[PDB]
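One chain is shown next in structure tokens, namely the form deposited in one PDB entry.
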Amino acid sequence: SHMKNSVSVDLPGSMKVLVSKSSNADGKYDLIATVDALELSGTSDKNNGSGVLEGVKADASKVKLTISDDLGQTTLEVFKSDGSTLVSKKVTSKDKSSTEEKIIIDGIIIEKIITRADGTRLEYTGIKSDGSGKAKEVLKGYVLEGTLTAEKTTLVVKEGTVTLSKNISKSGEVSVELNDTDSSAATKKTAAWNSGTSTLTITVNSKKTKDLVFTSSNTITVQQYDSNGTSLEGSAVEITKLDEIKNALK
């Protein structure tokens, strides 16, 4: 889009809007944006890019973009040609820590993508009316997979008899658990999670064997204990692939 005597205003996600530099005789600002090759326009009593823009598709469907007063959220709605029956709604919200994109069909959030400031992502797909769905965490070097419920996200790595589960609460808090079906005292893995240090300490045969640290950078490091299980030795090593998580679980 183009507008004479205008300013381009960045919006959450891929979008931008143009706002007039000055208001008209009635004090209203003009707004224009292109979304998916369709030009939308509107007017607003705000000077910053916020307000409502509309357009009409060739097939007669109405498109409406609503930009929140603080420019932190957009809602992109497609309606039937009546202009009021929803077909789809996409809400994108941005702040300093993340951008979240939600797709809502029939009042149900069916997809949610969170892109963190560091570029890693949580991708929730196939979400059902009960809040359950598929989850993927796209990290630096590898992807964890699992499931979503209305309670929490659980990403899972399985290695033989061992299952490592990384849970993410609704507030974004990470906790990790481990279960091993092995019933032998000499070889069964057990673990203790310390929420205060974001560290999972694995024990085998009554000795601590390694710490897995789940860092603020959304990475995992592994470090071994000495052969007595007393103190950490060597250096913590960043995990770069799923096979390295699994190696730690053998």
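Residue numbers run from 1 along the displayed sequence.
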Higher of the two mean Cα B-factors (36 to 44, 189 to 197; per PDB record) comes from 36 to 44
Comparing 79 to 87 with 152 to 160, the higher average Cα temperature factor in the PDB entry belongs to 79 to 87
One of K170, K166, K134, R121 has the largest Cα B-factor in the entry, namely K170
Note to self: of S227, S23, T240, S235, the C-alpha temperature factor tops out at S227
Tertile call for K208 (CA temperature factor, within chain, third-based) is the middle
Quick tally, chain-level thirds of C-alpha B-factors: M3 sits in the highest
Of the three thirds of the chain ranked by Cα temperature factor, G107 occupies the highest
By the entry's values, the third containing the CA B factor of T215 is the middle
Of the three thirds of Cα B-factor ranks in this chain, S97 occupies the highest
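Another form, the form deposited in another entry, is not on view; read the next lines as being about it.
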- Establish whether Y225 belongs to the same rigid part as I113, given the two-part motion between the shown form and the other one. yes
A change of 3 Å or more separates this form from the other: in the other entry, the C-alpha atoms of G133 and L86 are closer
One pair moves by 3 angstroms or more in the other entry: the C-alpha atoms of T92 and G131, which are farther
